[PDB]
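To start, the structure itself, in structure tokens.
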Amino acid sequence: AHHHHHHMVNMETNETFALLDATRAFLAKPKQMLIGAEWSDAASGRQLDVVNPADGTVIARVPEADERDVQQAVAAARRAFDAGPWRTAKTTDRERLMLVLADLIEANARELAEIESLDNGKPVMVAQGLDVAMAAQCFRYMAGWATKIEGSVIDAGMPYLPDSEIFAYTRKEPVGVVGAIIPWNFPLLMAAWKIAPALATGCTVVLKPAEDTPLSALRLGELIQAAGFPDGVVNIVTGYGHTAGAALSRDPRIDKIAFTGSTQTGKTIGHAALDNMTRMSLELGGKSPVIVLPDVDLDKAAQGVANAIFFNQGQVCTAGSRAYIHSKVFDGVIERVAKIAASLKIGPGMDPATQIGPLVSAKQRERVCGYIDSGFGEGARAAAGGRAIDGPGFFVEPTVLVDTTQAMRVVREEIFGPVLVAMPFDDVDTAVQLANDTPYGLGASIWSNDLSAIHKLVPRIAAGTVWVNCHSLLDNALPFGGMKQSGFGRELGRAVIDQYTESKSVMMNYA
Amino acid sequence: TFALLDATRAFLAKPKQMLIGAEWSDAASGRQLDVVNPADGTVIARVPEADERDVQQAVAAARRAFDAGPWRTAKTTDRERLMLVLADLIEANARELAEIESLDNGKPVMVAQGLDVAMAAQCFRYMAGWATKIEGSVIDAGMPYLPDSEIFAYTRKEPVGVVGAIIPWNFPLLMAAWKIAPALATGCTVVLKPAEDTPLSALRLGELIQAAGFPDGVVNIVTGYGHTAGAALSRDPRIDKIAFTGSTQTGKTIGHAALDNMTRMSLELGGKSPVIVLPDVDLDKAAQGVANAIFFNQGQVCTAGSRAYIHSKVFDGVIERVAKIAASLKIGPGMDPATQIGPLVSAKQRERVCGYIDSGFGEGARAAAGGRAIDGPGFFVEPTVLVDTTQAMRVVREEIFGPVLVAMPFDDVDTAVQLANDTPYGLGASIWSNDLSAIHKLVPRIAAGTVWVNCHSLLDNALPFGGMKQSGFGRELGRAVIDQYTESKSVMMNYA
Ligand code: NA
Ligand code: NA
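Next comes the structure, spelled out in structure tokens:
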């Protein structure tokens, strides 16, 4: 006889979870882009599907914008900056409107979390308590900068000019029109990170959400209108990176491009920007190390290592994807991390029991599993996990690989999924060499309670953010961004505000 | 026969070499390029013509000096002390540096001494004082999603690392100082590539850097062509930052090379800066201001006031006066104290500048002053004022980088704003007026990185300088440049 195989899948007896009425209404109605004063379809009429990654089904459709639509959005943002009421708005007007928007996000937080969970796949509880809460706080925090942007008054020596009578100062002007392109891993939160500093400084914005996760950005557009922002201050265009995204990057009428994504796509974006002398901020790839010193509590360290990689299914630019653990405690820590990994509840994001959702798309599952297979092919072994899971969602097991070396693809390359590589080290100099042995430099963490060792180590790790006894932890007051091939520029804090302004020096001879 | 210091003569006579790590060296190829005195077209020196091999060696040295030498563990006060010593050494040898600069670049020696050299010294002194005053921030993190948080969070400012610096020929020593000083203050190391037309003052500065006591490899100086040595520096993945001043076109090429390695970049590029004259001005003061704004340094200034827009009520009187000033300026060798206008830097520059003038005539512009060729040795061009120009003409749209003004009337300030901003550039601009209300209404409307009032192209080490629009991005000088030679590292400790 011939072998006959049946993959056990019952979508039919699969459990369902209640949604708010508002969430259902938003999903049911026709979706459009926000272009100037109008909600609009694409000129072509084309649309793209929005897929729930828990079950592979289509939940919505959004416009598929081409260059024509992007050019219209840019034209609107230009007009709003060059001539509308936004141009003459008081600092206090911008502050007020942003504060209203932060409250509106909070008032509609569960709905936004459900939309985000359905579209992106992440656990709804995490979307609500982290993503949506911090999106709101980002608008509130930046609102307060709107009234506090200060230039400098300079006492110029003018050493070559006798009896000089010079009055000299700097002004911080909005950079202008900002094109913002964001990834799919934190759709609402990343939208907030790009839009909020723009609004606070008096910029206008064309936002291109990721093709895989357009919905929360569209709902945020509704809240922006409800908050009272003038038309064209925020415009939102949906579509493919290779068409809509690229067109935004090449438009000579933007003044700044703000991009988060892969290093490869970031370079493409930057080369387009440069040809127009467009300013650029680039938050790019990572392969962030987690260094565990031998003085740690083993359970705390293991929970820390597990969280550092598996948070948001490893779909985090600063995911702690390489663990270097001192040889005195390596076996105990890794044994514990594997047990944690195998215990994580895998399921749909709308189930409150779920700790690990699906990946965002089939393409992402294909990439991630391809990396895992590559590791096996080079001699790595799985202490936990290792496959794709059957069924129509895009699920992958939390995976921990050991017996890896620095030469392997899984160690060198960003996987962007729930895959850890873990290796021992015998001394701190070696841990430093291993940790910096990457083209990237986005994040890193150190796990220890040893003051001397921590302070000797922090300066030696080439990363934009170094955490101690935590990882991928955010606050609106603390800037975030890359060194090395992880890009340049900073999100959040006072820093981002300065990066959405252009400094004008003024020097008056009043003699 | 204008006299030179003995020291200047000795410097000119001896073999010139590049500074590469702990060695002064010739190029691996053995090639050299000529240094020409633009007042007479004669060769006064020869310097090495570096290729990629020599640039790679300089980058390797700078890397070693940042990654492992004494410079890595130097105290903030060590960097401060050495920079202050260097500033005094520049001042102690100021006349010699001025003579070298005048012979190599062509500018009046008195201006080289009183402006370029003095301000190069002051740049090192000013930036020395930043070395002990670079501060990160301590952040009180809300952590609103984390109850009872115990988070200690701050930023560190680290040196960006190894800096490649490529500079133009128009202010050779001063631009070297601008790129090198902030690097030293922050703890960076530097590979400097001076312009092929003006290598000499940079090489002499190298000697002063050594004499000041900087560790080997902290500053390296490679001479040669932009297309070879410059390009090699820009593409080296072992630099962390590229700092470039030059044309917008070359700036883009440099930036594309940088980007492929995710090298940070600062770019100070082209300009076509407008000078706006309001109708309340003193006519003589305005005319003298318009003339200085364009003819300073023979118009070889990125922020040269190359377009004058003068209110129609006073246009005729201001331009009459400007043309008289232009025709009166003393043209001659830079070493002559009577000289007000030196030659341009090279024959190729003169060809370019005269070609622009010719182009203007071809499109219907007329010369109120100058225009006519200067016979004889040296690369001399007359101070030139063109009128009857329009915004469509090449001379109005394109950077000429010589002593050529275009001047046009306007009837109202809205029009002056439209005209002034009708350029791809945005480096500088000036307004001439004593009318407080008009000035303050206008300053915000002009899209330029520096707006001067009743002056133009005036510099101070405390006031940042740089471009908007196609004039680049990033800033030189001030507190701003210091921050641009650091990389910020956020640190967040959970001490619970
Ligand atoms: Na989706
Ligand atoms: Na020369």
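Residue numbers (the numbering used here), protein chains in the order written: chain A, 40 to 550; chain B, 673 to 1168.
Here a beta-carbon is modelled for each residue, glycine too, at the ideal position from N, C-alpha and C.
- Within chain B, the C-beta atoms nearer than 8 Å to that of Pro198(A) come from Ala790, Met791 and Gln794, in chain order.
- Listed in chain order, the non-local C-beta contacts of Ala800(B) below 6 Å within the same chain comprise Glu752, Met755 and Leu756, local neighbours out to five positions each way being set aside.
- Its Cα nearest to that of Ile454(A), the residue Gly359(A) stands out among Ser544(A), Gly359(A) and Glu374(A).
- Interface residue (Cβ-Cβ distance to chain B less than 8 Å): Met547(A) is classified as such.
- Here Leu246(A) carries a strand assignment [DSSP, helix/strand/coil].
- DSSP places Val101(A) inside the beta strand (DSSP E), whose first and last residues are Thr96 to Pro102.
- Shortest gap from the CB of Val894(B) to any heavy atom of ligand 2: 7 Å or more.
- Nearest neighbour of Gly778(B) by Cα position, chosen from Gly702(B), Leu872(B), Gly836(B) and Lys686(B), turns out to be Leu872(B).
- When beta bridges are read from the DSSP output, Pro831(B) appears opposite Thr1158(B).
- DSSP, read as helix, strand or coil, puts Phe268(A) in coil.
- Against chain A, a Cβ distance below 7 Å from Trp1124(B) picks out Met546.
- Here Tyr363(A) is buried: its Cβ has 16 or more other Cβ atoms, across all protein chains shown, within 10 Å.
- At least one heavy atom of ligand 2 falls within 7 Å of the beta-carbon of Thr870(B).
- Taking 8 Å as the CB threshold, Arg936(B) lines the interface with chain A.
- Listed along chain A are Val545, each with a C-beta nearer than 7 Å to that of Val1115(B).
- In the three-state reduction of the DSSP assignment, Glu724(B) falls in the helix class.
- Between the segment 62–70 of chain A and the segment 149–166 of chain A, the count of Cβ pairs shorter than 8 Å is three or higher; the stretches touch.
- At the C-beta level, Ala998(B) and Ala958(B) stay beyond 8 Å of one another.
- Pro198(A) has its CB no nearer than 7 Å to any heavy atom of ligand 2.
- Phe1051(B) sits away from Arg1069(B), with the two beta carbons spaced by 8 Å or more.
- Contact between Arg767(B) and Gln785(B) is confirmed by a C-beta separation of about 6 Å, below the 8 Å threshold.
- In the DSSP assignment, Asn1093(B) falls within the unbroken alpha helix (DSSP H) covering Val1085 to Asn1093.
- Its chain contains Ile74 as the residues whose beta carbon lies nearer than 6 Å to that of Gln111(A), once the 5 sequence neighbours on both sides are disregarded; these appear in chain order.
- With fewer than 16 other beta carbons inside 10 angstroms of its own, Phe56(A) counts as exposed.
- Taken in chain order, the members of the segment 917–929 of chain B whose beta-carbon sits within less than 9 Å of a beta-carbon on chain A are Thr920, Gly923, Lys924, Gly927 and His928.
- For ligand 2, no non-hydrogen atom lies closer than 7 Å to the CB of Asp712(B).
- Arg361(A): member of the beta strand (DSSP E) spanning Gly359 to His365, first to last residue.
- Distance between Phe1145(B) and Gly1121(B), taken at the CA atoms: about 9 Å.
- Taking the Cβ of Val89(A) as the reference point, at least one heavy atom of ligand 1 falls within a distance shorter than 7 Å.
- For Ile811(B), at least one C-beta of chain A is nearer than 8 Å to its own C-beta.
- Any Cβ of chain B closer than 8 Å to the Cβ of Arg529(A) would place that residue at the interface, and such an atom is present.
- Nearest CB-CB separation between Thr827(B) and chain A: below the 8 Å threshold.
- Residue pairing from DSSP places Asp88(A) in a beta bridge opposite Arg100(A).
- Contact between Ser1102(B) and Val1125(B) holds, since their C-beta atoms are separated by about 7 Å, short of 8 Å.
- Contacts between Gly786(B) and chain A, judged by CB atoms closer than 8 Å, involve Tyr199 in chain order.
- Where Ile692(B) is concerned, there is no enclosing alpha helix (DSSP H), although the beta strand (DSSP E) around it starts and stops at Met690 to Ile692.
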